[PDB]
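**Q** Experimental structure and sequence below.
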Amino acid sequence: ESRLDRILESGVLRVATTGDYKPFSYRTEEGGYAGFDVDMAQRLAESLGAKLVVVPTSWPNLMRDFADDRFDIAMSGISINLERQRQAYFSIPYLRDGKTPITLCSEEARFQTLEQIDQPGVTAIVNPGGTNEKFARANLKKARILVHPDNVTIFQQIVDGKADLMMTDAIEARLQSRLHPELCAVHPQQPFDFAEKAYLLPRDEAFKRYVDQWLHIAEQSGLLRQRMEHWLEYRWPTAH
Amino acid sequence: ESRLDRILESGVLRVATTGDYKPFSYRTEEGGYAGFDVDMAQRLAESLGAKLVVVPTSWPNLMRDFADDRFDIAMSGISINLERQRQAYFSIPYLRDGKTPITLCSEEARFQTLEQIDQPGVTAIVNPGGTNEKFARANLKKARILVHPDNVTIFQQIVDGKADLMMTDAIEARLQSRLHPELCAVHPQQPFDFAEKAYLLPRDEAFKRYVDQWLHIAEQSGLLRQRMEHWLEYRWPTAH
Amino acid sequence: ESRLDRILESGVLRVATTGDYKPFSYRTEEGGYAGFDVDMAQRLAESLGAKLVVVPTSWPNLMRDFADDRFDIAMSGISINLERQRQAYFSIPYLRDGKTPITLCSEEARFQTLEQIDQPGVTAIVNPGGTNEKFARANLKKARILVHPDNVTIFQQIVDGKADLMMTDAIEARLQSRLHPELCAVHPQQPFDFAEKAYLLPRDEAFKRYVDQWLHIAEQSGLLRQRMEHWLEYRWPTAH
């Protein structure tokens, strides 16, 4: 009894995703999904002769959903952290990263360091329930933290000037600044902290070992990096 | 109950090997075995105060044998793949590689790309039941695929002109072209895909963890890369 | 029941340490413990909202203590080896190293190789029950091996001239020669063999997987390498 076997038998892979996080997972205005981790999710399902079932979830509900067993694996640009390690397993990482700022191109110079950023006159905007929030709350003792529930729309807020910056994964900062010409990803090559992206798993060795092997291959074949770039340069809508 | 404990108690390590794959495993005309993975198998058995029992197997029978529990571990130049990951575990890899062609030196230019190779007038020869076959069947929609049961002899077939080329592990192509002066390993530095060599294991965490530790040391001590070379430059017979 | 869950519930982490091994673990004359692995042990306990309980142990008693389940993890400059792998698990390593000699500066030239060192007129001193002893017994067929129970005081013995040299971890040789001006760490850059430092764990996947994640982060954040140095340059007493 590994759910690897459950799945193989089933011919069905329940994959949890949020659909608010380009380029990993966006819910099209059709109602279907699209993104890197979705792409990758398909490939995984293919490799097990499983049909891809996509289960919607949200950062706030991720771990309730996990504990309720509402899915087999979570693929949605999920940052590895220990708070999560407490209940769930994690694949090997597929992306090294860390939090870095995105801001108005013009204003760039003013938001290079936490030091600058943690000032009373400053507003950081973040989406709720994930490492973005957790990281802001943990680090901003002086500035204001604005919580914007819809992550898709969140970056327009900066364009619109409703906030000064967001500190998110350097990859997302890279992407949004493509989609919002106004915005500028702040030293993404050199993020403020270190964290990884990996897929959230149940505590199931045999399954982890598989997912790892699968992912490890993809990585080393260059397929990972390849599809990664694809989805970055992909012609997304700007919000919805 | 890990078979680590079974083995330690026993003082006996059943190692499955094919004996058709120089330089990892060849069965001498004596009936004894020789090769890298054999060498390495001994070392493993030594490390557990176990006696080395060598179990013969064949690519076609590998996973039947595995499921029948006809052995403790398989050491035989075994390519990590997911089809296998479905039932069995794998050690950490001990070699990177990928499939590349071997052909008559003279004919080299004609077989540089899959593109060239997948032509109706072409015969690829492969040994049955393994990644070589699986890869050919997967990639040759136009050419003829000849299945030659004995992998030791298989390369003479090309020398003899019973086939145009074989696509195998770049390391084997490298070796055979040493042993069959006529044959020529095609851009081994740049193989058509990526795959690793590792040892096939049962789903036993404690045992994997041990094997890994062992192998990880060997690797990092330089013993791995050392013995590896040894067996490559070793003076093999040509077929039997 | 992973003891990860036992611990989280408990709010208590039993960490085994010897307190005889600067810079990883020394028992102060103030009574407390201090060292890198202690530091790191705290951090681990913090990360699980656990209180740090330190369990004393000794190399001779380490694996007895382990099998008796007298602790949750062992953090004490513990060399990964297979003899141990037989019963216990190990975290990912946090340090590469290998055995090298420490001796009177004056006498250095005489103890460069095992070759020199395994002479009938020579006395090697080692602390009992660990890789230092195991390595000496394994390698010194000709010389005399003196077993000194207290590892803190052991290096004075050489200063005092009760032995010619000790062969220990190049990091410890590096440290003692700072603390005993008389002594000199012999080509620490090039140790006689290879081994890693890691934390000894029970056979508990979920817990290993956590510890690893924790340690992996610490490593990659630079916190590992940072605190490491701290404790090396730290102003230790000389014995007690």
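**A** Here it is on my side, so go on. Numbering: from 1, shown residues only, chains lettered A, B, ... in the order given.
**Q** how near is residue A:146 to chain C?
**A** From residue A:146 over to chain C the distance is 28 Å, taken as C-beta to the nearest C-beta, to the nearest Å. Where C-beta positions appear, they are placed from N, C-alpha and C, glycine not excepted.
**Q** So that residue: helix, strand or coil?
**A** strand (DSSP: H, G, I helix; E, B strand; the rest coil).
**Q** which residue sits closest to it, ignoring its sequence neighbours?
**A** Using C-beta to C-beta, 6 or more residues apart in numbering or on different chains and skipping residues adjacent in sequence, the residue nearest residue A:146 is residue A:125, 4.4 Å away.
**Q** What lies in contact with the top helix by length along chain A?
**A** Selection of the longest helix in chain A by residue count, based on DSSP state H, yields helix A:205-221. Applying C-beta atoms under 8 Å, 6 or more residues apart in numbering or on different chains, the external contacts of helix A:205-221 come out as A:2-5, A:7, A:40, A:43-44, A:47, A:73, A:89, A:91-92, A:94, A:199, A:201, A:223-225, B:80, B:82, B:85-86, B:89-90, B:96, B:193-196, B:203, B:205, C:205.
**Q** neighbours around residue A:73, how many?
**A** 25 (other C-beta atoms under 10 Å in any protein chain shown).
**Q** residues contacting it?
**A** A:13, A:14, A:15, A:16, A:41, A:44, A:199, A:200, A:201, A:202, A:211.
**Q** Looking at those residues, which is nearest residue A:145?
**A** residue A:200 (25.3 Å; C-beta to C-beta).
**Q** Phi and psi next, for the closest one.
**A** Residue A:200 adopts backbone torsions of phi -80, psi 130, taken as degrees, to the nearest 10.
**Q** My guess is it contacts residue A:78. True?
**A** Yes. Between residue A:200 and residue A:78 there is a contact at 5.4 Å, judged by C-beta atoms under 8 Å.
**Q** My reading is that the residue nearest to residue A:146 lies in a helix. Confirm?
**A** No. Applying three-state DSSP, one finds residue A:125 to be strand, outside a helix.
**Q** Roughly how far does it sit from residue A:15?
**A** 29 Å (C-beta to C-beta, to the nearest Å).
**Q** Tell me how many other residues crowd the closest residue to residue A:148 other than its chain neighbours.
**A** Excluding the flanking residues, the one nearest residue A:148 by C-beta to C-beta, 6+ apart is residue A:154, at 4.7 Å. Using other C-beta under 10 Å, residue A:154 has 25 other residues around it.
**Q** Equivalent analysis for residue A:137, please.
**A** 12.
**Q** Quick one: residues contacting it.
**A** Contacts of residue A:137 (C-beta under 8 Å, 6+ apart): residue A:145.
**Q** Just the buried residues of the host helix or strand of it, please?
**A** Using DSSP states H and E, the element containing residue A:137 is helix A:131-139. Buried residues in helix A:131-139, counted by 16 or more other C-beta atoms under 10 Å in any protein chain shown: A:131, A:132, A:133, A:134, A:135, A:136, A:139.
**Q** before we move on, what about stretch A:231-240?
**A** The neighbour-count check on stretch A:231-240 (16+ other C-beta under 10 Å) flags A:231, A:236 as buried.
**Q** Next, count neighbours for the residue lying closest to residue A:112 once chain neighbours are set aside.
**A** If the residues on either side of it in the chain are set aside, residue A:112 comes closest to residue A:186, at 6.6 Å by C-beta to C-beta, 6+ apart. Residues near residue A:186, counting by other C-beta under 10 Å, number 24.
**Q** coming back round to it: pull up the gap between the residue nearest to residue A:146 and chain B, please.
**A** Counting by C-beta to the nearest C-beta - residue A:125 and chain B are separated by 42 Å.
**Q** my read: that residue touches residue A:156, true?
**A** No. Counting by C-beta under 8 Å, residue A:125 stays clear of residue A:156, with 10.3 Å between them.
**Q** more neighbours, those two?
**A** residue A:125 (23 against 18).
**Q** Mark out where each domain of chain A begins and ends.
**A** A:1-98+A:191-240, A:99-190 (curated CATH domains).
**Q** of all these, which lies closest to residue B:103?
**A** domain A:1-98+A:191-240 (24.3 Å).
**Q** Could you tell me how far the closest one lies from the centre of the chain?
**A** 9 Å (C-alpha atoms, centre = their mean, to the nearest Å).
**Q** And the residue nearest the centre of chain A, how far from chain B?
**A** By C-alpha atoms, centre = their mean, chain A has its centre lying nearest to residue A:77, at 2.5 Å. Remark: distance between residue A:77 and chain B (C-beta to the nearest C-beta) = 24 Å.
**Q** Next up, the contacts around that residue.
**A** Residue A:77 touches A:21, A:24, A:25, A:36, A:37, A:169, A:172, A:197, counting by C-beta under 8 Å, 6+ apart.
**Q** close enough to count as contact, the second one and residue A:37?
**A** Yes. When contacts are counted by C-beta under 8 Å, residue A:24 is listed as touching residue A:37 (4.3 Å).
**Q** Could you pull out the residues contacting both of those two?
**A** Joint contacts of residue A:24 and residue A:37 (C-beta under 8 Å, 6+ apart) are A:17, A:75, A:76, A:77.
**Q** Nearest to residue A:179 among those residues?
**A** Closest to residue A:179, out of all of the shared contacts of residue A:24 and residue A:37 and judged by C-beta to C-beta, is residue A:77, at 15.8 Å.
**Q** For that closest one, what is the enclosing helix or strand?
**A** Residue A:77 belongs to no helix or strand when assigned by DSSP H and E.
**Q** Spatially, and excluding backbone neighbours, which residue is closest to it.
**A** residue A:24 (3.5 Å).
**Q** was I right about residue A:97 contacting residue A:173?
**A** No. The criterion here is C-beta under 8 Å, and residue A:97 misses it with residue A:173 at 10.0 Å.
**Q** Neighbour count for those two, which is higher?
**A** Taking neighbours as other C-beta under 10 Å, residue A:97 and residue A:173 compare with residue A:173 leading, 26 against 21.
**Q** Now name the helix or strand holding the more buried one.
**A** Using DSSP H and E, residue A:173 sits in helix A:170-179.
**Q** to the chain's geometric centre, what's the distance from that helix?
**A** In terms of C-alpha atoms, centre = their mean, the gap separating the centre of helix A:170-179 from the centre of its chain is 12 Å.
**Q** Tell me how many other residues crowd residue A:168.
**A** The burial count for residue A:168: 30, using other C-beta under 10 Å.
**Q** Over to it. Which of the three states is it?
**A** Secondary structure of residue A:168, per three-state DSSP, is strand.
**Q** who's in contact with it?
**A** The contact partners of residue A:168, by C-beta under 8 Å, 6+ apart, come to A:99, A:100, A:102, A:126, A:132.
**Q** any idea which of the residues you listed is the one closest to chain C?
**A** Chain C lies nearest to residue A:99 out of those, by C-beta to the nearest C-beta, at 12.4 Å.
**Q** Next up, phi/psi of the closest one, please.
**A** The phi/psi pair for residue A:99 (degrees, to the nearest 10) reads phi -80, psi 130.
**Q** so how many other residues sit close to it?
**A** Other residues near residue A:99 number 23, with proximity taken as other C-beta under 10 Å.
**Q** now residue A:153
**A** A total of 15 residues lie near residue A:153 under the criterion other C-beta under 10 Å.
**Q** which ones are touching the closest residue to it other than its chain neighbours?
**A** Closest residue to residue A:153 apart from its sequence neighbours, by C-beta to C-beta, 6+ apart: residue A:239 at 5.0 Å. By C-beta under 8 Å, 6+ apart, residue A:239 lies in contact with A:152, A:153, A:156.
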